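Report on the structure given below.
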Amino acid sequence: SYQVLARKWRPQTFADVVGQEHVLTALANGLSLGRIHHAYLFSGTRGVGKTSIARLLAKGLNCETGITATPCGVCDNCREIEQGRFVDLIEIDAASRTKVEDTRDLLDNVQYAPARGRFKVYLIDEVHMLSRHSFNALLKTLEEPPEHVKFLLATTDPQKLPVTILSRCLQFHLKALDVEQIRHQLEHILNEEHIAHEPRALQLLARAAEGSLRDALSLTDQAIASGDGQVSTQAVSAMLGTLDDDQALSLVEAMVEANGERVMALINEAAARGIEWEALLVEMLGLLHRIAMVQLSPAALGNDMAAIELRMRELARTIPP
Amino acid sequence: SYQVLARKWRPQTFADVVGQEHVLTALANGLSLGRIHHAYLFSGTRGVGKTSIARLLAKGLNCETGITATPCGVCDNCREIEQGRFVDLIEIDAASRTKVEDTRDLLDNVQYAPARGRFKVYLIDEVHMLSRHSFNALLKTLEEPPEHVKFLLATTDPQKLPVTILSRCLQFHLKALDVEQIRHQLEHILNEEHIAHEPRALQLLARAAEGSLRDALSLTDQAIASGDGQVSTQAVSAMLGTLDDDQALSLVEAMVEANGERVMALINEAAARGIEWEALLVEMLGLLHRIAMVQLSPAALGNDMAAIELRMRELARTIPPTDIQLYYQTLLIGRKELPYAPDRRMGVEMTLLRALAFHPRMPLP
Amino acid sequence: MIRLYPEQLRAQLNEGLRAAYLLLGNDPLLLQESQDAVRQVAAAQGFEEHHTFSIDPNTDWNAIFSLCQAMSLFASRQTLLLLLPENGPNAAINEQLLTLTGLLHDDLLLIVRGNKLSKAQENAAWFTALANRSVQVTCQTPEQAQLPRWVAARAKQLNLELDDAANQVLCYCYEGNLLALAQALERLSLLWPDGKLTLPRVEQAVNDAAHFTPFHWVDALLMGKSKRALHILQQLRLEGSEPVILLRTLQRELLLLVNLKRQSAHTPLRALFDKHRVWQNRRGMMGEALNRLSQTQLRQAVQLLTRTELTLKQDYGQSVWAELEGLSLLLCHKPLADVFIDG
Amino acid sequence: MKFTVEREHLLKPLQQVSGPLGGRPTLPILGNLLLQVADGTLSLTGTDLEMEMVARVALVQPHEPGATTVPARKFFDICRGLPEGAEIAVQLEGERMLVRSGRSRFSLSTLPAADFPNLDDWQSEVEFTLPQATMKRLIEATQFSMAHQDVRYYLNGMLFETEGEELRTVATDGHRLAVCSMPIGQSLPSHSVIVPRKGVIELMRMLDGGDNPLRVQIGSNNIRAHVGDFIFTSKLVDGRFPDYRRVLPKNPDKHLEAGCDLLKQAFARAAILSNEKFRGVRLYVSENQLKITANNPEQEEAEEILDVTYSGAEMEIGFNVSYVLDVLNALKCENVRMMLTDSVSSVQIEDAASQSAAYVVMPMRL
Amino acid sequence: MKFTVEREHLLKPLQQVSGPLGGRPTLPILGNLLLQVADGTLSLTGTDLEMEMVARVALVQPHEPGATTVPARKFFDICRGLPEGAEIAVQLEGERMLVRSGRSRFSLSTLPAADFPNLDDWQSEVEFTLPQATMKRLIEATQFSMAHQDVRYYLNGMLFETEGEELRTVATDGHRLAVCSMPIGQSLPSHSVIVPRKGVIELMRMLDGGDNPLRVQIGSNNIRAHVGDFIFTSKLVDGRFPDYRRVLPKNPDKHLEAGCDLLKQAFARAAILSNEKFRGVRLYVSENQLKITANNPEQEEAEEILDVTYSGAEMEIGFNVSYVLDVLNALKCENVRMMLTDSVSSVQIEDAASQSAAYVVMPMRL
DNA sequence: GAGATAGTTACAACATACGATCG
DNA sequence: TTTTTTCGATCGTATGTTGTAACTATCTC
Ligand SMILES: Nc1ncnc2c1ncn2[C@@H]1O[C@H](COP(=O)(O)OP(=O)(O)O)[C@@H](O)[C@H]1O
Ligand SMILES: Nc1ncnc2c1ncn2[C@@H]1O[C@H](COP(=O)(O)OP(=O)(O)O)[C@@H](O)[C@H]1O
Ligand code: ALF
Ligand code: ALF
Ligand SMILES: [Mg+2]
Ligand SMILES: [Mg+2]
Ligand SMILES: [Zn+2]
Ligand SMILES: [Zn+2]
């Protein structure tokens with residue numbers, strides 16, 4: 001019955017957007033001043049929220065209260081846009097709408113005035129999948145579109161678009177979210193959902209997210225399913241944090257000290273625990289790499305593994321590079 | 001209701017056009033002497049002004065006063081052409097009309113005499129997208145052009161066109177606009193727009209334009225939006241940093257200078273952008289190879305690296321060849337080892353650190 | 001068959017016409033100029049109707065035959081133009097041309113335009129039959145050595161004062177593309193009515209549009225002109241030429257050089273050239289290349305070629321052009337630190 | 001803007017004005033019919049940037065003045081789909097058109113009428129009236145000779161010439177020339193114009209065999225035709241049509257009168273026996289005799305011998321079967337007369353009863 | 001082995017057998033057709049390893065048993081070349097057959113008949129005979145619901161079920177279901193089989209106006225239908241079919257009765273402005289009222305209101321207008337009964353007059 | 001004056017040739 | 001006086017040919 005967190009917790013206002021401060025500020029300034037361009041392109045990694053920002057901009061443009069940087073969210077236009085029912089928000093699936101016939105039809109049906117809203121916003125998603133003929137057809141329309149027509153484009157790979165199309169648009173590149181923002185968003189979502197959680201579980205989920213916030217939400221759903229309604233450190237470690245244990249550091253220290261018996265005992269203990277061997281090698285390699293980085297730059301080690309910080313620093317002072 | 005600078009500010013007379021002196025002078029002399037070719041082709045890069053010059057020529061040909069090099073811009077014909085409402089001006093968009101049945105209906109209408117203007121100008125844009133049979137029909141029409149009909153063709157890639165069309169047309173190639181010209185045009189536009197600006201911001205925008213004035217105008221609009229009605233150097237720097245894609249060359253420079261902090265900052269910036277790590281290593285290897293080639297001979301670089309030609313040449317001059325070979329070998333070994341590293345970012349960091357400090361021990365016989 | 005050149009057609013046409021004309025070559029400019037001159041002379045002699053067709057098995061010959069047999073209502077001395085296929089005539093096309101030859105008469109004037117015919121293509125019953133009453137025009141693009149003479153002649157014809165430096169610049173920028181040269185000359189004449197074409201004036205109104213072939217690249221490599229080789233390779237990359245053809249063209253010459261150098265220590269060079277059936281004009285270049293480099297080179301080149309082919313095929317890489325440039329420098333007298341060769 | 005009409009009355013003008021309109025127009029607005037209500041009349045206009053068709057319908061219901069545009073196909077389908085005898089009430093609300101039929105409602109999108117192209121007004125040079133039958137006969141007589149597609153564009157159309165009280169139509173394709181003439185009945189200034197194939201086709205389609213007179217106006221570059229409540233405007237193709245008079249033989253010495261049906265059936269039989277393409281047919285005429293033979297290279301020479309009313313010097317001439325067959329079929333009568341000068345000379349063919357229609361054909365060279 | 005053949009008799013069977021044969025042979029002998037003589041008949045057979053068609057022609061003149069293979073293209077060309085009405089004499093002389101057309105003797109290569117993949121022994125699991133009218137009606141009423149290309153291969157055909165004295169045809173494609181039942185007058189074992197699209201369409205094509213009954217026999221792996229002088233054999237998918245009765249809704253509370261023509265016209269009129277790609281409509285059913293709404297991607301809307309016999313609670317249901325129109329057209333009746341339960345449940349359609357055939361449509365959920 | 005048979009036009013499906021990208 | 005390049009699998013655009021279904025016109029009942 002419960003809907004997925006990613007779909008449920010979709011930013012419905014510019015205040016709910018995590019990060020991406022530069023793009024939001026630019027859009028707000030443009031809307032407030034009134035300098036509105038007719039071609040916006042959004043680029044970045046996955047889950048950064050290009051589609052969410054495009055939807056927010058569409059809400060801002062077509063609002064019964066006027067062109068405002070802070071849409072009301074209560075007027076019927078905002079409600080329809082949120083529910084995906086607005087008549088003046090033409091959403092195009094470029095992945096399936098690749099053949100030039102669809103582009104020709106769209107350009108042929110671009111002159112008529114909007115039904116209710118003050119603009120006819122064409123939001124083309126995954127625009128990088130269009131063939132060259134579609135791009136060429138869209139060129140002139142992007143050059144001199146009708147006053148009541150706005151184009152919004154979003155893609156993950158802007159490198160394969162024609163150079164002219166890039167020249168004909170305002171580019172906004174979103175950057176991957178950092179660990180702290182992802183952790184804070186997960187904490188807020190879990191607090192709203194009334195689900196128990198622990199700080200280290202959130203830290204592990206944020207580290208495993210790797211920028212994409214949708215990945216973080218999917219991992220949070222997996223953790224909730226595994227923990228039976230709770231997000232515990234053990235539950236997260238069962239699926240994701242099978243690695244990052246003190247055993248790897250102990251093995252590294254024993255190897256550095258040439259303590260064969262200690263290494264053998266640690267191997268036997270790990271085998272009894274049922275530890276994946278490839279994961280163990282990965283962890284040892286990672287620890288060695290981070291020690292090397294510490295040797296290079298003292299600021300290499302962040303707070304993420306602060307629990308072992310001291311020990312790591314010691315290995316940096318004694319072991320030659 | 002502010003209008004886009006590119007759309008609002010468009011050339012209206014040959015004087016307004018920035019650069020492209022040779023083409024404008026040739027067209028003016030031809031119009032003055034009465035030497036009008038039956039077909040003109042315009043080629044060049046994006047935003048060089050092919051369509052603008054074609055429209056100005058169309059205005060000049062059909063001006064009420066006469067066939068003048070500089071159209072008056074006040075008579076009814078000039079105004080209608082500017083508004084795109086002139087009776088005898090036809091702007092065929094070949095991109096959306098590549099079909100033969102669509103081009104045939106116009107090549108047949110070519111027969112009728114112009115209603116008002118002297119010539120029935122046929123402006124065909126993006127002509128390179130037409131089909132083979134459409135090219136055949138256009139070839140027939142150009143082989144038998146009525147004296148009262150003229151053709152203007154604009155294309156970014158004239159190579160696609162058959163050689164016959166090129167032979168039966170007079171070609172004009174528009175050079176990429178220089179940095180100084182773009183900077184001056186931006187300064188003039190901003191002064192006429194009553195918008196504050198700084199010289200360094202204009203220089204950065206002109207550099208980022210890369211010879212396309214349209215890109216310069218788009219970046220100016222973005223800067224104005226970000227700067228809240230002011231073109232401040234801080235806003236331009238922030239925008240360029242956000243959209244900067246020369247991180248590979250910056251990493252190479254940092255590695256050469258042996259500055260770990262800059263390398264780490266660039267790696268973090270690349271991670272934020274999400275650039276593929278293996279692609280980054282491949283780009284670095286290519287840059288090192290091209291720098292070595294430049295050291296062997298200055299003619300290695302052409303127009304492909306014109307954007308970063310100066311930095312590449314400086315690195316070639318400064319770095320001894322042996323260091324370049326060592327860095328190339330180290331990066332090649334790092335690329336070989338990347339798949340087995342637990343993280344591609346980790347592998348790239350290890351390879352860069354090894355190149356910075358750890359010298360490989362050459363195998364003995 | 002009267003063989004002529006595009007520079008000697010006006011006098012022949014003024015002297016008289018002929019039953020048929022054949023235009024074979026590669027350069028579009030000379031072919032179209034000859035076509036225009038012939039059509040103008042024919043019109044001056046009363047040939048009003050002109051029809052053009054492209055030879056193609058898809059195209060129907062019934063219409064052409066009916067036109068040849070039919071007579072116009074209020075016209076005479078019709079002109080028929082046939083554009084041969086780029087690949088060349090086929091057996092069916094040969095039979096159709098043989099059938100057409102009989103239909104030819106005094107009023108009909110046949111003009112054939114197409115690519116140069118090979119030895120087998122030239123040998124044809126219809127061609128031999130028409131040879132008795134045909135004029136053929138040889139249209140071959142002049143070589144770089146012959147280009148400046150042609151440019152000077154063109155400048156003199158248009159009443160333009162062209163300097164030697166300007167001539168060299170025009171030859172370099174528009175090598176192998178005569179149409180671009182003619183258009184550039186027209187534009188320069190329009191720009192300056194005085195006609196004083198100084199070096200700066202040409203330099204300020206010229207763009208790079210040269211056209212090359214892999215054989216030119218190999219010849220440049222043999223000569224040793226590093227700049228010319230790099231320019232040719234860059235132009236080939238820009239025009240979109242598959243590197244496979246370049247590799248296979250270079251392989252034959254590289255293997256021939258290796259074999260000759262290996263055998264040169266025991267036999268005179270002339271005997272080796274005679275045995276290998278090398279072109280007479282290429283003997284000097286081959287000898288210069290052999291004397292320019294030793295066995296130390298031409299061995300690492302084979303390694304580079306093999307590695308490049310393996311990268312192209314097994315790995316499907318995209319750094320082929322960089323390796324080609326490196327090999328070009330290696331063939332020229334350059335250090336080539338040999339880290340890239342991966343010996 | 002609103003009005004109320006009946007489907008029966010509105011069905012015909014929609015079909016008449018939606019005929020040429022179709023496909024994908026160069027401008028979207030060109031794909032929409034212009035509907036204007038004013039002066040107690042509804043005007044429906046359809047243009048293709050070179051031809052215009054206007055239809056007028058009288059109104060007997062309350063209405064408001066106005067003008068707008070509506071897509072042709074959607075409106076026509078909506079009107080045709082309604083039950084027979086239903087009444088359609090149309091209104092303009094905002095930027096939309098609302099159509100009501102009984103208890104059925106439709107909403108359509110429209111475009112401003114100001115942007116709709118308007119043909120520049122022109123002053124007629126020669127204006128007159130003509131019965132439908134004469135124009136039908138002229139078009140039928142001078143249609144098959146036109147060139148469907150030719151490099152010389154001016155030959156694609158047909159020449160309409162007025163001289164005194166005579167209207168003449170001339171068609172040609174470079175090999176055969178057909179000329180027809182009729183008496184106008186009124187004195188008009190001499191003037192010649194060229195009509196494209198599309199214009200003549202539309203004009204022929206417009207006629208429905210009725211007795212309503214046709215009002216024809218010819219200007220500097222445009223031709224207008226009024227038929228009942230329909231107005232058709234077309235542009236004139238610019239060119240220099242060749243002089244037909246010079247082509248006609250000055251004095252053909254040899255004449256031959258024969259039966260149209262006999263020649264037509266003989267040619268049909270030869271064509272059936274000569275279904276193979278290529279080559280023509282060789283006819284040898286002698287005193288009261290004709291021999292027709294297929295010119296096939298290897299096919300059996302199944303020559304056919306017919307009797308005609310000829311007594312002049314015998315001679316053999318080759319002709320294209322298609323041209324002679326078309327001339328015979330177009331000239332539907334019982335007897336024909338053929339005049340010629342020599343072997344290498346155009347042969348003229350006409351009706352032995354009337355000389356209004358003439359067809360001159362160049363013999364096939366051999 | 002003297003065979004006398006008349007062109008008139010031979011023409012149609014030759015074209016019928018050559019129909020399935022295609023240009024691509026895929027095998028040296030597949031293109032060739034098998035000609036055999038038995039008692040007083042000659043059988044010409046052609047197959048492509050998936051379907052087989054054999055035609056029999058009666059023989060009167062004396063003859064002896066034999067069987068051979070002849071290429072289809074050469075025989076067709078020979079038959080076409082000979083003038084109409086000619087008599088063909090065919091004889092077996094060694095490895096090459098002799099054809100004596102008048103004074104023209106032709107030698108045609110013959111391949112051994114033992115290598116032709118022709119079925120020798122047939123075993124019928126269930127056989128019966130029916131008039132062509134009933135089978136044609138069932139095929140016409142059940143064919144349009146078959147899937148064309150779907151992952152579920154068992155849905156790419158028609159299910160034929162014999163139960164007691166009833167024959168049932170079922171077609172499904174995942175979105176709509178069509179079931180038709182008809183008495184046969186004979187008791188048959190309960191047996192269900194699946195026939196692919198090719199077999200069904202070929203059977204419909206070969207079937208003509210009801211003149212003589214056709215006999216169908218179904219074995220373990222094949223189905224053979226003999227009609228007139230033709231026999232067509234095909235193989236079965238054998239992938240099991242879902243039970244149709246499970247798909248049919250159970251206990252539909254809401255029942256509606258309406259006129260077929262009125263609903264068909266209303267749906268056709270509403271579909272004018274319906275979405276081209278999806279063709280979706282919305283039905284609001286209230287007490288003695290049915291409102292049909294259609295929307296367009298171009299913001300166009302159409303509304304229609306109709307009077308029906310309904311007394312249940314108000315409901316709103318989405319549907320695909322194309323499927324409803326197809327069902328109404330195939331039903332071809334006067335009164336139509338629609339049974340529905342809720343807004344997210346399949347709707348059944350039948351005839352008030354009789355329940356011989358039924359259809360089911362799954363609504364679209366937005 | 002209406003219905004049945006034959007002919008014409010339009011739409012859908014299939015086949016052929018050419019160009020481009022990634023593994 | 002003459003010289004012809006890797007291959008497999010997948011996607012997209014445009015033109016030409018054949019067959020079937022739907023709609024219209026003419027002749028005989
Ligand atoms: N900046 C953000 N703030 C809050 N949630 C976000 C943000 N970006 C993405 N999300 C979450 O990730 C999910 C998927 O985002 P999506 O619209 O797919 O972005 P993209 O188009 O970049 O893939 C959304 O449902 C949303 O809840
Ligand atoms: N030479 C030029 N001088 C001034 N403005 C130019 C020039 N070339 C391009 N532009 C600017 O670029 C905008 C669009 O030009 P565009 O039609 O895209 O040229 P092209 O057809 O070469 O791409 C115009 O509004 C114009 O202001
Ligand atoms: F929907 Al996205 F990256 F924009 F997955
Ligand atoms: F308008 Al352009 F290249 F962008 F001609
Ligand atoms: Mg998205
Ligand atoms: Mg342009
Ligand atoms: Zn709102
Ligand atoms: Zn003017």
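Residue numbering restarts at 1 in every chain; chains get A, B, ... in the order shown in the structure tokens, and ligands count up from 1 in that same order.
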Non-local contacts of residue 313 (chain C) (12 Å; only C-alpha atoms (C1' of nucleotides); under 3 positions in same chain excluded) as a list in words: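 So the residues in contact are residues 243, 244, 306, 307, 308, 309, 310, 316, 317, 318 and 320 of chain C; 23 of chain F; 6 and 7 of chain G.
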Each residue of chain B lying at most 8 Å from ligand 8 should get a row with its shortest atom-to-atom pair and the distance in Å to one decimal, counting only C-alpha atoms and all ligand atoms; could you produce that, ordered by chain and increasing number, as a Markdown table?
| residue | atom | partner | partner_atom_place_in_ligand_line | distance |
| --- | --- | --- | --- | --- |
| B:59 | CA | ligand 8 | 1 (Zn) | 6.9 |
| B:60 | CA | ligand 8 | 1 (Zn) | 7.2 |
| B:62 | CA | ligand 8 | 1 (Zn) | 7.5 |
| B:63 | CA | ligand 8 | 1 (Zn) | 4.0 |
| B:64 | CA | ligand 8 | 1 (Zn) | 5.2 |
| B:65 | CA | ligand 8 | 1 (Zn) | 6.1 |
| B:66 | CA | ligand 8 | 1 (Zn) | 7.9 |
| B:71 | CA | ligand 8 | 1 (Zn) | 5.1 |
| B:72 | CA | ligand 8 | 1 (Zn) | 4.2 |
| B:73 | CA | ligand 8 | 1 (Zn) | 4.7 |
| B:74 | CA | ligand 8 | 1 (Zn) | 5.5 |
| B:75 | CA | ligand 8 | 1 (Zn) | 4.2 |
| B:76 | CA | ligand 8 | 1 (Zn) | 6.7 |
| B:77 | CA | ligand 8 | 1 (Zn) | 5.8 |
| B:78 | CA | ligand 8 | 1 (Zn) | 4.5 |
| B:79 | CA | ligand 8 | 1 (Zn) | 7.6 |
May I have the residues from that selection written out with C-alpha atoms, as a CSV table (one decimal), in the first residue's frame?
chain,number,residue,atom,x,y,z
B,59,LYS,CA,16.5,42.9,-48.2
B,60,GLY,CA,19.0,44.5,-50.5
B,62,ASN,CA,14.2,43.6,-53.3
B,63,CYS,CA,14.5,47.1,-51.8
B,64,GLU,CA,12.0,49.6,-53.3
B,65,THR,CA,14.6,52.3,-53.9
B,66,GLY,CA,16.8,50.0,-56.0
B,71,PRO,CA,19.2,48.5,-47.9
B,72,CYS,CA,17.4,51.6,-46.7
B,73,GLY,CA,15.5,49.7,-44.0
B,74,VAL,CA,12.6,52.2,-44.1
B,75,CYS,CA,10.6,51.2,-47.2
B,76,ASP,CA,7.7,48.7,-47.0
B,77,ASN,CA,9.7,45.8,-48.6
B,78,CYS,CA,12.5,46.1,-46.0
B,79,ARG,CA,10.1,46.1,-43.1
Atom-to-atom span, CA of residue 351 (chain E) and CA of residue 138 (chain E), Å: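 If I compute the distance from CA of residue 351 (chain E) to CA of residue 138 (chain E), I get 15.5 Å.
Least-squares fitting of chain D to chain E, using every C-alpha atom paired in order, leaves a residual RMSD of 1.6 Å.
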Sel. of strand (DSSP E) residues, region 105-284 of chain E, as a PyMOL selection string: chain E and resi 105-109+126-130+157-172+176-196+214-218+222-227+230-235+254-259+280-284
Test item: residues lying within 7 Å of ligand 1 with only C-alpha atoms (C1' of nucleotides) and all ligand atoms, as a ChimeraX atom specification: /A:6-11,16-20,44-52,213-214
Keeping only N, CA and C atoms, write those residues as a short mmCIF file (atom, residue, chain, number, x, y, z; two decimals), in the first residue's frame.
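Here's the written file part-v6.cif:
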data_model
loop_
_atom_site.label_atom_id
_atom_site.label_comp_id
_atom_site.auth_asym_id
_atom_site.auth_seq_id
_atom_site.Cartn_x
_atom_site.Cartn_y
_atom_site.Cartn_z
N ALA A 6 10.97 7.44 -3.00
CA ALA A 6 11.47 8.32 -4.05
C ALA A 6 10.33 9.08 -4.72
N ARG A 7 9.24 8.39 -5.03
CA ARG A 7 8.10 9.06 -5.65
C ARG A 7 7.38 9.96 -4.65
N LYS A 8 7.21 9.48 -3.42
CA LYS A 8 6.46 10.25 -2.43
C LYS A 8 7.17 11.55 -2.07
N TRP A 9 8.47 11.48 -1.82
CA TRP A 9 9.22 12.64 -1.33
C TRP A 9 9.88 13.39 -2.49
N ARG A 10 9.03 13.81 -3.43
CA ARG A 10 9.48 14.59 -4.57
C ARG A 10 9.37 16.08 -4.24
N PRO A 11 10.45 16.87 -4.35
CA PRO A 11 10.35 18.29 -3.98
C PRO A 11 9.24 19.02 -4.73
N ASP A 16 12.29 22.69 -0.83
CA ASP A 16 12.51 21.28 -0.56
C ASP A 16 13.68 20.69 -1.34
N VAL A 17 14.27 21.44 -2.27
CA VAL A 17 15.37 20.92 -3.07
C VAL A 17 16.65 20.95 -2.24
N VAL A 18 17.34 19.82 -2.19
CA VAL A 18 18.58 19.69 -1.43
C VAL A 18 19.75 20.04 -2.34
N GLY A 19 20.55 21.02 -1.92
CA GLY A 19 21.69 21.42 -2.72
C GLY A 19 21.27 22.12 -4.00
N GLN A 20 22.17 22.08 -4.98
CA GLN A 20 21.95 22.73 -6.28
C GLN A 20 21.62 24.21 -6.09
N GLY A 44 23.66 16.56 -15.70
CA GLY A 44 24.23 16.10 -14.46
C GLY A 44 24.19 14.58 -14.39
N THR A 45 24.49 14.08 -13.19
CA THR A 45 24.47 12.64 -12.94
C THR A 45 23.03 12.19 -12.71
N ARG A 46 22.86 10.95 -12.25
CA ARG A 46 21.54 10.40 -12.02
C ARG A 46 21.07 10.71 -10.60
N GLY A 47 19.79 11.04 -10.47
CA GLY A 47 19.20 11.31 -9.18
C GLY A 47 19.49 12.69 -8.62
N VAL A 48 20.19 13.55 -9.37
CA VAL A 48 20.46 14.89 -8.86
C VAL A 48 19.17 15.70 -8.77
N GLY A 49 18.21 15.45 -9.65
CA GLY A 49 16.92 16.11 -9.58
C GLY A 49 16.66 17.09 -10.70
N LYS A 50 17.16 16.79 -11.90
CA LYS A 50 16.90 17.65 -13.05
C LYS A 50 15.41 17.70 -13.36
N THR A 51 14.75 16.55 -13.37
CA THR A 51 13.32 16.51 -13.67
C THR A 51 12.52 17.25 -12.60
N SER A 52 12.91 17.11 -11.33
CA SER A 52 12.21 17.82 -10.27
C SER A 52 12.32 19.33 -10.45
N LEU A 213 20.91 10.72 -4.98
CA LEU A 213 20.02 10.65 -3.83
C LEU A 213 18.96 9.56 -4.00
N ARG A 214 18.56 9.28 -5.24
CA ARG A 214 17.62 8.19 -5.48
C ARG A 214 18.23 6.85 -5.07
#
Using only C-alpha atoms: which of E:232, E:267, E:75, E:319 has the shortest distance to chain D: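 Between E:232, E:267, E:75, E:319, the residue approaching chain D most closely is E:267.
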Residues of region 223-322 of chain D in helix (DSSP H, G or I), written as a ChimeraX atom specification: /D:244-247,260-273,321-322
Residue list for chain D near chain B as a ChimeraX atom specification, 9 Å, only C-alpha atoms: /D:24-26,50,120,151,153-154,221,235-239
7 Å shell around ligand 2 using only C-alpha atoms (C1' of nucleotides) and all ligand atoms, listed as a PyMOL selection string: chain B and resi 6-11+16-20+44-52+213-214
Those residues with N, CA and C atoms, as a compact mmCIF listing (two decimals), in the first residue's frame please?
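This went into part-v5.txt:
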# COMPACT_ATOMS: atom_id res chain seq x y z
N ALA B 6 20.19 37.51 -28.27
CA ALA B 6 20.40 36.99 -29.61
C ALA B 6 19.20 37.28 -30.51
N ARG B 7 17.99 37.07 -30.00
CA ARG B 7 16.80 37.32 -30.80
C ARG B 7 16.54 38.81 -30.96
N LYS B 8 16.66 39.58 -29.87
CA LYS B 8 16.39 41.01 -29.95
C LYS B 8 17.42 41.72 -30.81
N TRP B 9 18.71 41.49 -30.54
CA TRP B 9 19.79 42.16 -31.26
C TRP B 9 20.16 41.29 -32.46
N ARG B 10 19.73 41.72 -33.65
CA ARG B 10 20.05 41.03 -34.88
C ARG B 10 20.52 42.06 -35.91
N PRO B 11 21.47 41.71 -36.78
CA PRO B 11 21.92 42.69 -37.78
C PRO B 11 20.78 43.16 -38.67
N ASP B 16 26.07 46.91 -39.34
CA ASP B 16 25.87 46.29 -38.03
C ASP B 16 26.64 44.99 -37.90
N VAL B 17 26.84 44.27 -39.01
CA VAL B 17 27.52 42.99 -38.95
C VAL B 17 28.94 43.18 -38.45
N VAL B 18 29.37 42.30 -37.55
CA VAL B 18 30.68 42.38 -36.92
C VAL B 18 31.61 41.40 -37.63
N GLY B 19 32.71 41.92 -38.18
CA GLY B 19 33.62 41.06 -38.90
C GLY B 19 33.03 40.61 -40.23
N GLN B 20 33.57 39.50 -40.73
CA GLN B 20 33.16 38.96 -42.02
C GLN B 20 33.30 40.02 -43.11
N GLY B 44 30.11 28.02 -42.77
CA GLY B 44 30.85 28.48 -41.61
C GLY B 44 30.43 27.71 -40.37
N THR B 45 30.94 28.18 -39.24
CA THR B 45 30.64 27.57 -37.95
C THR B 45 29.34 28.16 -37.40
N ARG B 46 28.94 27.67 -36.23
CA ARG B 46 27.71 28.12 -35.60
C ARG B 46 27.82 29.58 -35.17
N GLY B 47 26.72 30.31 -35.30
CA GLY B 47 26.67 31.68 -34.82
C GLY B 47 27.55 32.66 -35.55
N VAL B 48 28.01 32.32 -36.76
CA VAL B 48 28.85 33.25 -37.51
C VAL B 48 28.02 34.28 -38.27
N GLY B 49 26.72 34.06 -38.41
CA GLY B 49 25.84 35.01 -39.06
C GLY B 49 25.45 34.67 -40.48
N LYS B 50 25.34 33.39 -40.83
CA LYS B 50 24.93 33.02 -42.18
C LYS B 50 23.51 33.51 -42.47
N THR B 51 22.57 33.18 -41.59
CA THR B 51 21.17 33.54 -41.83
C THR B 51 20.99 35.06 -41.83
N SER B 52 21.68 35.76 -40.92
CA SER B 52 21.56 37.21 -40.87
C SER B 52 22.03 37.84 -42.18
N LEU B 213 29.54 34.08 -31.56
CA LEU B 213 28.95 35.21 -30.86
C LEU B 213 27.62 34.85 -30.21
N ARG B 214 26.89 33.91 -30.80
CA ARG B 214 25.64 33.46 -30.19
C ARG B 214 25.89 32.81 -28.84
Distance query residue 280 (chain B) at most 10 Å, only C-alpha atoms (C1' of nucleotides), self and fewer than 2 positions along chain excluded, as a list in words: residues 247, 248, 249, 251, 270, 275, 276, 277, 278, 282, 283, 284, 285, 286 and 348 of chain B
